[PDB]
Amino acid sequence: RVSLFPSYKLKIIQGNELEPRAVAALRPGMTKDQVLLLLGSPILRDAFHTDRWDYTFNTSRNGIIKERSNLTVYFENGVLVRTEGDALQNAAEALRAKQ
Amino acid sequence: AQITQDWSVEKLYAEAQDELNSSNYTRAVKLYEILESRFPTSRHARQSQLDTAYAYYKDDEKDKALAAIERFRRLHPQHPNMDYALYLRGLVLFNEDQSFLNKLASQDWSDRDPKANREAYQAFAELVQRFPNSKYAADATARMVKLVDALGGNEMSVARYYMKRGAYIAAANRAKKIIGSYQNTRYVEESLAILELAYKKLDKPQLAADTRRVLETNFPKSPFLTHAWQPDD
Amino acid sequence: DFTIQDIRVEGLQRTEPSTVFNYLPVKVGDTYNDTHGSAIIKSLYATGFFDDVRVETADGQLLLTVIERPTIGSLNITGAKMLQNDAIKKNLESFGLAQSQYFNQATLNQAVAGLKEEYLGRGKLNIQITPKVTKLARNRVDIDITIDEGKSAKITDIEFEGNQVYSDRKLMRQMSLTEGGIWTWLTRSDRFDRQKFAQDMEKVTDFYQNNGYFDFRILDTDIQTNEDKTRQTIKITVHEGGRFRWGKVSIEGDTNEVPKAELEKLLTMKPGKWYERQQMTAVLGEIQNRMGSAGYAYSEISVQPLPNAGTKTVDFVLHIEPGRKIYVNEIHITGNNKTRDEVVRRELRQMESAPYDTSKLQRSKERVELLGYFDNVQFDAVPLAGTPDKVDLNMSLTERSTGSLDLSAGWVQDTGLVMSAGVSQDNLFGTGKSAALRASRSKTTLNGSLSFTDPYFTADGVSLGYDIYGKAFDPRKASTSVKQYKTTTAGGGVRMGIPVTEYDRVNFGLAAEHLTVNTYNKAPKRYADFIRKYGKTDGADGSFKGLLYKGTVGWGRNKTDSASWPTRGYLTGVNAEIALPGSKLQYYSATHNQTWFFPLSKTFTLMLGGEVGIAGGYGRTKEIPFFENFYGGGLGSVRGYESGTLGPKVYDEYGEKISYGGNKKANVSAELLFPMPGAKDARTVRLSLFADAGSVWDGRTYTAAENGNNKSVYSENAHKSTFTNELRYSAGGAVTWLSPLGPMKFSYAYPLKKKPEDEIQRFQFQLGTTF
Amino acid sequence: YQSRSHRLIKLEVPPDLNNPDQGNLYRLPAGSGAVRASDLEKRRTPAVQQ
């Protein structure tokens, strides 16, 4: 298995996707059910940091992560307080470019 | 039906059991129902209802075995030999796969399926709950713990296969499932390590630090602290 | 009110009163005035135990008078003519009435009604059903079924109405139902069936609407029987609506991720041809398959026609409304006995947690089925309790036996007895890791083989393996005196595959073979030179020994719908055996293969054969060794004259005839393959007619021989066997039987352009494997 | 080399981590403490008079 050969045929893998326009609809002070219905179910949510709904994406090809874009959102008292991640920027750029 | 000869129920049962001993099943089942059709009011009828399911278990087919064992379950719900029914159902539904062509004495049991294993575990749980003290209960508990270990092994194998492909986003979820719903098994101090590796491979330092802290406070001496995880084989 | 105190029941024979005691939802010490007075009889009537029970209240001991339920001791079956008695017994047991089964009369009535309706659905109209009841011992009863079938129900006339636009003859010739004639008595091509008539109605409405006539309002169906209800006459009335021209298809709606232009390009259509409705169904399926790869599984598409009379046209708008992008939370696998779980996870696409894409799931299902381990494979889609965005893809497996023992024999037209033995295994109770042993033996051939491969060497895929063979060949045998030379080979070699794309997959092969050739008493011209240039003589004979370090590049794809009885699809392959220098006998040989199929009829199918092969000389040796030459002519090649008689022919000692063979092969084949339409469509025998040429060439010319030339002209250019593009025509029927005890190939072919030297064999047969 | 060797340990957790208990599945009370057993070929019952 060592010293792999240049067999140029490798399956592409993905991790999650999110709609760009719906990202702009996010507003601070949002409840859990409404944000889940509006943006989508998070594909990665640990049980060690309950409040940390995450969304990622990685077109992988033999370990080498080609492209990625992650979006996080933090909750407390059952209401949205703040978000972060490079997804907001690229989402805004794509919304300004397409529309 | 070709002989249909009058006899005594005792010699019918003797002929039936000695044909069973001679690895005769196709002709046995056809000579099993004849005695209960001719003599329904007899304990030999119930003995036939049991050993026909036993013989069906001795062969590869299982649907007829399940049908017969359910027939007995619904027919005599209070016979003292009810313990044999549940145990036979558990062994049939476990898919023992009794064949010397594929003995493989190791048989880690992490390959058969989740379906039959789960149903056999449920059957043995019903058995141990019904008869907590019978002629055989410790064997039931041993097979039950072996089956839950096999389920844990299947989950761990599915988790491991994804880590060799790059889909860390899936190994993370599968390891989280194993951590949160598969205690009492042996795959605990490895699921944490593979989850840490998956979190680190996706540029999430806080998650990796937290899960590594949990690992080190739950296992002070483990090779996964110094050496990062590495898929074997 | 009343309190139960150990109620006693009476009136049973074999029901074990303890059981019926346990089935009572009440026991000792319960207050019961009238609450469960009917609950007891409802619970007892359920599960099929009795039919009449009486319960009262009297001095703490209720008198329970019960009568038992009859028991079906044994089922009797007879009278089945159109169907089989075992089949009717099985689909009657599907309704119960197995051994003593607490028989009930209502179940018997329901079963006889169902089977009567089923028989009436067939070409049977007036059928007598007489199930008889008899009183055997204490509770055993026996039921016998007697079916009185008529001859058949043939159709007399098939006619339509309102057919102002189409001729009725083409109608009746287009339906899948004909009228009585001279060639219609066979196969019973005039029976009446409900499902067959429904399928015929669907066929005729598809025929009408594909041609460009729209809305096809089918008024009513008029069946008309005869006296005694034996003959049937059908009457159909329809209504057309004139042709149209649909050319203004359009798409509107939300397409959050998929671009509108990409779907618009997929909306293939033209205002010509009036229309083709099957094309509309196809483009709808295509737009549902495209939207559904980006991750829109539940995308429902609507269509509404905008009809415009006068100009006779209708336009289409498509109000697509997708939503709720669907992921894959978890994909289970069931029925995976005897095989590892990773061997299935390693092949299927749609890895995990990714958007749900049908265009990938279909390839997944096709990939898993192409493994040979499993027979039936499905891909369900069950939602989860977190219904937004989450589904599951629990698989379903039907484990088929893989390992077996191979031991077969056959018969060839010239040599005769051939053997074949060796254990086979497709799964060494683990991953793929297929290992196989094989050793065959004939009166002239012998070649053992031990094979062991490994489908997945690396993580993605590399078919690596090893093998060892001891092939030996010697034609010093019966009347067909092929050129005399004994050959024996031995040695192994690593074979390695390397997929380049999802569909095509090349495979490289290196091998180190040891070879020894042995001649016989005085040899022809093309043998003594070789044995004195490379071999060593031993008295009146000689031999040679060496090594055959060689490589192999190959590539082969196949997309036929079945191994036997083929359809649309085509086999193709490329092969090349190159003897890498370093050892003696530097030669290389390429090969080609093409067997294009064509299903231009529901029964008649076509095949377009073809192959090309060149064996050039390079390196040290300028010529090519004869034992690695090509042998033109034979059953699979030309289907005509005897094998090994193509190419140049020279004379040897005792005035005999042999054939060397040349290194420029090609042949084109073409048949007309169809089964026997005499009895039925039994998938057992297929028939054809052979029509194929051949070719083999060396380039040189032959004039010097054993004092005699077997060619007419003194200076026959051996570069071809005949005029440009050397060939030998042939034609004749081909009979094929495909019983599991080896295939039967009976090919009788009449020769064409029969030269006065090509040994002919107009009748050729094959039996067994003879690989 | 201190990999798993059938060491049953309940997942402890530091505070501020929201322990991932969620209950355990496929209960292993094994009736009591997961004891072992042996074989006797108990796949048939004669029950002639007993």
# chains A, B, ... in the order shown; residues from 1 in each chain; ligands from 1
call {"tool": "residues_around", "arguments": {"residues": "residue 33 in chain D", "least_positions_apart": "4", "cutoff": "10 Å", "atoms": "only C-alpha atoms", "output": "PyMOL selection string"}}
result
(chain B and resi 141) or (chain D and resi 28-29)
call {"tool": "write_last_selection", "arguments": {"atoms": "C-alpha atoms", "output": "PDB file, in the first residue's frame"}}
result
ATOM      1  CA  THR B 141     -26.130 -13.554  29.014  1.00  0.00           C
TER       2      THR B 141
ATOM      3  CA  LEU D  28     -25.648  -4.778  29.025  1.00  0.00           C
ATOM      4  CA  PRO D  29     -26.924  -5.720  32.504  1.00  0.00           C
TER       5      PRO D  29
END
call {"tool": "closest_atom_pairs", "arguments": {"of": "chain A", "to": "chain D", "cutoff": "10 Å", "atoms": "only C-alpha atoms", "output": "Markdown table"}}
result
| residue | atom | partner | partner_atom | distance |
| --- | --- | --- | --- | --- |
| A:46 | CA | D:20 | CA | 8.9 |
| A:47 | CA | D:20 | CA | 5.4 |
| A:48 | CA | D:17 | CA | 5.1 |
| A:49 | CA | D:17 | CA | 6.0 |
| A:50 | CA | D:18 | CA | 6.7 |
| A:51 | CA | D:18 | CA | 9.6 |
call {"tool": "select_by_dssp", "arguments": {"residues": "chain A", "states": "strand (DSSP E)", "output": "list in words"}}
result
residues 54, 55, 58, 59, 60, 61, 64, 65, 66, 67, 68, 71, 72, 73, 74, 75, 76, 79, 80, 81, 82, 83 and 84 of chain A
call {"tool": "closest_atom_pairs", "arguments": {"of": "chain B", "to": "chain A", "cutoff": "8 Å", "atoms": "only C-alpha atoms", "output": "CSV"}}
result
residue,atom,partner,partner_atom,distance
B:165,CA,A:62,CA,6.6
B:166,CA,A:63,CA,5.1
B:167,CA,A:13,CA,6.6
B:169,CA,A:15,CA,5.7
B:170,CA,A:15,CA,7.6
B:172,CA,A:44,CA,7.5
B:173,CA,A:44,CA,6.7
B:176,CA,A:46,CA,6.9
B:180,CA,A:47,CA,7.7
B:210,CA,A:48,CA,7.9
B:211,CA,A:48,CA,7.6
call {"tool": "atom_distance", "arguments": {"atom1": "CA of residue 46 in chain D", "atom2": "CA of residue 47 in chain B"}}
result
7.7 Å
call {"tool": "residues_around", "arguments": {"residues": "range 665-676 of chain C", "least_positions_apart": "4", "cutoff": "6 Å", "atoms": "only C-alpha atoms", "output": "PyMOL selection string"}}
result
chain C and resi 603-613+686-696
call {"tool": "write_last_selection", "arguments": {"atoms": "N, CA and C atoms", "output": "PDB file, in the first residue's frame"}}
result
ATOM      1  N   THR C 603     -37.951  -9.803 -31.609  1.00  0.00           N
ATOM      2  CA  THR C 603     -37.451 -11.173 -31.639  1.00  0.00           C
ATOM      3  C   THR C 603     -36.136 -11.300 -32.392  1.00  0.00           C
ATOM      4  N   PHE C 604     -35.973 -10.579 -33.498  1.00  0.00           N
ATOM      5  CA  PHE C 604     -34.753 -10.634 -34.290  1.00  0.00           C
ATOM      6  C   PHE C 604     -33.750  -9.614 -33.765  1.00  0.00           C
ATOM      7  N   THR C 605     -32.515 -10.058 -33.547  1.00  0.00           N
ATOM      8  CA  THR C 605     -31.438  -9.181 -33.116  1.00  0.00           C
ATOM      9  C   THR C 605     -30.221  -9.402 -34.004  1.00  0.00           C
ATOM     10  N   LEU C 606     -29.396  -8.366 -34.103  1.00  0.00           N
ATOM     11  CA  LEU C 606     -28.230  -8.363 -34.970  1.00  0.00           C
ATOM     12  C   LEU C 606     -26.953  -8.322 -34.139  1.00  0.00           C
ATOM     13  N   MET C 607     -25.859  -8.766 -34.754  1.00  0.00           N
ATOM     14  CA  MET C 607     -24.538  -8.691 -34.143  1.00  0.00           C
ATOM     15  C   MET C 607     -23.519  -8.356 -35.219  1.00  0.00           C
ATOM     16  N   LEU C 608     -22.653  -7.392 -34.929  1.00  0.00           N
ATOM     17  CA  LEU C 608     -21.625  -6.938 -35.860  1.00  0.00           C
ATOM     18  C   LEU C 608     -20.268  -7.319 -35.280  1.00  0.00           C
ATOM     19  N   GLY C 609     -19.749  -8.467 -35.697  1.00  0.00           N
ATOM     20  CA  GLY C 609     -18.466  -8.928 -35.222  1.00  0.00           C
ATOM     21  C   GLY C 609     -17.323  -8.103 -35.788  1.00  0.00           C
ATOM     22  N   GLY C 610     -16.112  -8.538 -35.458  1.00  0.00           N
ATOM     23  CA  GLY C 610     -14.925  -7.873 -35.953  1.00  0.00           C
ATOM     24  C   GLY C 610     -13.756  -7.904 -34.991  1.00  0.00           C
ATOM     25  N   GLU C 611     -12.566  -8.179 -35.514  1.00  0.00           N
ATOM     26  CA  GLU C 611     -11.348  -8.153 -34.717  1.00  0.00           C
ATOM     27  C   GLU C 611     -10.162  -8.023 -35.660  1.00  0.00           C
ATOM     28  N   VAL C 612      -9.088  -7.430 -35.148  1.00  0.00           N
ATOM     29  CA  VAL C 612      -7.875  -7.201 -35.926  1.00  0.00           C
ATOM     30  C   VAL C 612      -6.677  -7.499 -35.037  1.00  0.00           C
ATOM     31  N   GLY C 613      -5.695  -8.205 -35.591  1.00  0.00           N
ATOM     32  CA  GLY C 613      -4.504  -8.540 -34.836  1.00  0.00           C
ATOM     33  C   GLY C 613      -3.241  -8.568 -35.670  1.00  0.00           C
ATOM     34  N   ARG C 686     -31.469 -20.682 -28.949  1.00  0.00           N
ATOM     35  CA  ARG C 686     -31.449 -19.573 -29.889  1.00  0.00           C
ATOM     36  C   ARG C 686     -30.910 -20.057 -31.229  1.00  0.00           C
ATOM     37  N   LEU C 687     -31.394 -19.445 -32.309  1.00  0.00           N
ATOM     38  CA  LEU C 687     -31.014 -19.834 -33.659  1.00  0.00           C
ATOM     39  C   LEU C 687     -30.497 -18.623 -34.421  1.00  0.00           C
ATOM     40  N   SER C 688     -29.643 -18.886 -35.407  1.00  0.00           N
ATOM     41  CA  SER C 688     -29.026 -17.831 -36.198  1.00  0.00           C
ATOM     42  C   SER C 688     -28.626 -18.405 -37.550  1.00  0.00           C
ATOM     43  N   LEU C 689     -28.075 -17.538 -38.398  1.00  0.00           N
ATOM     44  CA  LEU C 689     -27.467 -17.933 -39.659  1.00  0.00           C
ATOM     45  C   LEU C 689     -26.123 -17.229 -39.771  1.00  0.00           C
ATOM     46  N   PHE C 690     -25.075 -17.995 -40.058  1.00  0.00           N
ATOM     47  CA  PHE C 690     -23.727 -17.449 -40.075  1.00  0.00           C
ATOM     48  C   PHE C 690     -23.440 -16.756 -41.399  1.00  0.00           C
ATOM     49  N   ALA C 691     -22.747 -15.622 -41.320  1.00  0.00           N
ATOM     50  CA  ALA C 691     -22.299 -14.896 -42.507  1.00  0.00           C
ATOM     51  C   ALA C 691     -21.068 -14.100 -42.089  1.00  0.00           C
ATOM     52  N   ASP C 692     -19.888 -14.617 -42.420  1.00  0.00           N
ATOM     53  CA  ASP C 692     -18.656 -14.035 -41.912  1.00  0.00           C
ATOM     54  C   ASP C 692     -17.495 -14.399 -42.825  1.00  0.00           C
ATOM     55  N   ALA C 693     -16.550 -13.472 -42.938  1.00  0.00           N
ATOM     56  CA  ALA C 693     -15.333 -13.685 -43.701  1.00  0.00           C
ATOM     57  C   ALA C 693     -14.184 -14.015 -42.750  1.00  0.00           C
ATOM     58  N   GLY C 694     -12.971 -14.088 -43.287  1.00  0.00           N
ATOM     59  CA  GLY C 694     -11.782 -14.307 -42.486  1.00  0.00           C
ATOM     60  C   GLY C 694     -10.595 -13.707 -43.203  1.00  0.00           C
ATOM     61  N   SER C 695      -9.433 -13.787 -42.559  1.00  0.00           N
ATOM     62  CA  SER C 695      -8.205 -13.304 -43.180  1.00  0.00           C
ATOM     63  C   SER C 695      -7.015 -13.727 -42.338  1.00  0.00           C
ATOM     64  N   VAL C 696      -5.912 -14.017 -43.021  1.00  0.00           N
ATOM     65  CA  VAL C 696      -4.621 -14.233 -42.380  1.00  0.00           C
ATOM     66  C   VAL C 696      -3.544 -14.085 -43.446  1.00  0.00           C
TER      67      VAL C 696
END
call {"tool": "residues_around", "arguments": {"residues": "residue 12 in chain D", "least_positions_apart": "2", "cutoff": "9 Å", "atoms": "only C-alpha atoms", "output": "list in words"}}
result
residues 214, 217 and 218 of chain B; 9, 10, 14 and 19 of chain D
call {"tool": "write_last_selection", "arguments": {"atoms": "N, CA, C and O atoms", "output": "PDB file, in the first residue's frame"}}
result
ATOM      1  N   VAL B 214     -11.101  15.879  27.433  1.00  0.00           N
ATOM      2  CA  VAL B 214     -12.008  14.844  27.923  1.00  0.00           C
ATOM      3  C   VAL B 214     -11.324  13.482  27.901  1.00  0.00           C
ATOM      4  O   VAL B 214     -11.442  12.691  28.846  1.00  0.00           O
ATOM      5  N   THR B 217      -8.684  13.306  30.748  1.00  0.00           N
ATOM      6  CA  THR B 217      -9.252  13.207  32.087  1.00  0.00           C
ATOM      7  C   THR B 217     -10.051  11.927  32.284  1.00  0.00           C
ATOM      8  O   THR B 217     -10.308  11.545  33.430  1.00  0.00           O
ATOM      9  N   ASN B 218     -10.448  11.257  31.201  1.00  0.00           N
ATOM     10  CA  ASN B 218     -11.114   9.967  31.303  1.00  0.00           C
ATOM     11  C   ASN B 218     -10.163   8.791  31.129  1.00  0.00           C
ATOM     12  O   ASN B 218     -10.517   7.668  31.502  1.00  0.00           O
TER      13      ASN B 218
ATOM     14  N   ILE D   9     -15.599   1.496  31.372  1.00  0.00           N
ATOM     15  CA  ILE D   9     -15.476   2.733  32.134  1.00  0.00           C
ATOM     16  C   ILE D   9     -16.529   3.712  31.639  1.00  0.00           C
ATOM     17  O   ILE D   9     -16.607   3.991  30.438  1.00  0.00           O
ATOM     18  N   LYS D  10     -17.339   4.229  32.559  1.00  0.00           N
ATOM     19  CA  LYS D  10     -18.331   5.234  32.212  1.00  0.00           C
ATOM     20  C   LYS D  10     -17.646   6.562  31.922  1.00  0.00           C
ATOM     21  O   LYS D  10     -16.691   6.947  32.602  1.00  0.00           O
ATOM     22  N   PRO D  14     -15.357  16.851  32.624  1.00  0.00           N
ATOM     23  CA  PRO D  14     -15.176  18.085  33.392  1.00  0.00           C
ATOM     24  C   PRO D  14     -16.398  18.975  33.265  1.00  0.00           C
ATOM     25  O   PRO D  14     -17.212  18.794  32.348  1.00  0.00           O
ATOM     26  N   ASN D  19     -22.234  16.743  29.560  1.00  0.00           N
ATOM     27  CA  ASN D  19     -21.937  15.318  29.423  1.00  0.00           C
ATOM     28  C   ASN D  19     -22.835  14.629  28.402  1.00  0.00           C
ATOM     29  O   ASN D  19     -24.062  14.790  28.433  1.00  0.00           O
TER      30      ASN D  19
END
call {"tool": "closest_atom_pairs", "arguments": {"of": "chain C", "to": "chain B", "cutoff": "8 Å", "atoms": "only C-alpha atoms", "output": "Markdown table"}}
result
| residue | atom | partner | partner_atom | distance |
| --- | --- | --- | --- | --- |
| C:13 | CA | B:41 | CA | 7.0 |
| C:14 | CA | B:41 | CA | 4.9 |
| C:18 | CA | B:78 | CA | 7.3 |
| C:19 | CA | B:78 | CA | 6.3 |
| C:22 | CA | B:78 | CA | 7.5 |
| C:73 | CA | B:37 | CA | 6.7 |
| C:99 | CA | B:33 | CA | 7.8 |
| C:100 | CA | B:37 | CA | 7.5 |
| C:140 | CA | B:37 | CA | 7.7 |
| C:333 | CA | B:113 | CA | 7.1 |
| C:334 | CA | B:113 | CA | 5.7 |
| C:335 | CA | B:113 | CA | 6.3 |
| C:336 | CA | B:113 | CA | 5.5 |
| C:337 | CA | B:112 | CA | 4.5 |
| C:338 | CA | B:112 | CA | 6.5 |
| C:339 | CA | B:111 | CA | 6.7 |
| C:340 | CA | B:111 | CA | 4.9 |
| C:341 | CA | B:111 | CA | 5.6 |
| C:342 | CA | B:161 | CA | 7.0 |
| C:345 | CA | B:161 | CA | 7.9 |
| C:351 | CA | B:167 | CA | 7.7 |
| C:352 | CA | B:170 | CA | 6.0 |
| C:353 | CA | B:170 | CA | 6.3 |
| C:429 | CA | B:102 | CA | 6.5 |
| C:459 | CA | B:164 | CA | 7.4 |
